[PDB]
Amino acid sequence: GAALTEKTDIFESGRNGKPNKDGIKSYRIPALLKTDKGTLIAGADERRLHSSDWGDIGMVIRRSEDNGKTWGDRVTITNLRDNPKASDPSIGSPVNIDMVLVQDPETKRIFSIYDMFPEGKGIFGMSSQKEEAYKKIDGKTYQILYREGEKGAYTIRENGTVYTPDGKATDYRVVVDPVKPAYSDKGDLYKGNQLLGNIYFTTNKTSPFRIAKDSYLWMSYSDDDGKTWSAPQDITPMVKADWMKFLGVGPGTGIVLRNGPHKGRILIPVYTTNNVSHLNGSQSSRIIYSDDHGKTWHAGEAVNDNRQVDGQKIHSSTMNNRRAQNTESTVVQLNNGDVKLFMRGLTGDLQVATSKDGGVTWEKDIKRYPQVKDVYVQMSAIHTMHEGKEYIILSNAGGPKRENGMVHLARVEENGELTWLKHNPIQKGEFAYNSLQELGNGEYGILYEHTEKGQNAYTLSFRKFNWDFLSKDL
């Protein structure tokens, strides 16, 4: 009957502030994906120097070919090299953080989309003034490079050749086609055959060039079930509006629409901040999507765009309202075609937005479910069918704080409305970010953050449970 496996540790953090067996202090931000081959891919932030949202962080995954019983060795998707001359190593490396995994059911290509920041304190080190990151030239978009003492924008063109602001080729070049393991050479700046530095370094530089100190979105893909990954592709220019300050993913696992006029569309949860209130009052959820199997991406509109708050309208680009913010989110499509966005917020309970057009726009009323508490932490939710009936399973912390992990079960009515049926505990003690996946045969899996015995935040563990666990009271 009711079944819940013992927790299995997939990514182990060190303890008492010390590095683990591999010299890594922390792991965070789980992403779990069940591929067409039945493989389970567990992704995470490999945070070597500390648990904060910056520093030396690699995008890594582990593959399980036996439904979660055993896992292979870590596979690094991307890990940029540190600035060896930074005065403070804790904030001395270009950063990659927070990933979203998803597989196209037709092409079978698996995508890993994550944030990228040049050297610094990441999202918590966002400059006050905007720096243009790209420049269009002859219908071609090129990434910009800045040089101290010059106002003009240099550009990185074909073969990584650096061009002067006046459009003339220089003897400088950027490694735009990295070849080292983990693509740690991406961004390396050369003058002839001499390695001078890296365009992602922002302090104590040894080369003359650096990219804009902004927020970026990178994408890597695998066509061999997660074993090998392509070099990172910068998709920022396709989805980041000029007013956006921060633009990052709502970590976890994205989806591909199963039905409706937009069937096949890949949806990736993301959120932004604006230059008016930034992290204090503008965090706003939305999704980015692709209708051509991940070749090109587009941004949907924010849930907060033209939203009525306390009698007046707001826009994600101009708002300054702490309570109206919605940040990291998880997305699900119902059988009626509607898209539901469950968003991390500050109301104390579950906030859900609904889109009738494949995730581009959102209906006016954001539904709140007092039945499901929200202590302001990431969550994950998935669509599922049982005995011909439609449901949604959602997991997050039960509180008081980021503790007591819960798995909430809701019945999906014909009109898309939700009816919460059960709320069952899955992990006592510390519990934070998590990622759910249906495994089939009435089983489900979850990769989540938890600590105990002095473990550093966090150790990512895995558990499997079935329908009896979800619907029955233990």
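Throughout, we count residues from 1 along the sequence that is shown.
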Please work out which of 52-60 and 413-421 has the higher mean CA B-factor as recorded in the PDB entry. 413-421
137-145 set against 218-226, stretch whose average Cα temperature factor tops the other in the entry: 137-145
Report the option among 310, 349, 291, 132 whose CA atom has the maximum B-factor in the deposited record. 310
Among 177, 188, 328, 387, which residue carries the highest C-alpha B-factor recorded in the PDB entry? 387
Could you look up the Cα B-factor of residue 361 in the entry and say which third of the chain it sits in: lowest, middle or highest? middle
Would you mind ranking residue 252 by its C-alpha B-factor against the rest of the chain and naming the third, lowest, middle or highest? lowest
For residue 21, the third of its chain into which the C-alpha B factor falls: highest
Residue 371 by Cα B-factor - lowest, middle or highest third of the modelled chain: highest
Residue 163, C-alpha B-factor rank within chain (lowest, middle or highest third): highest
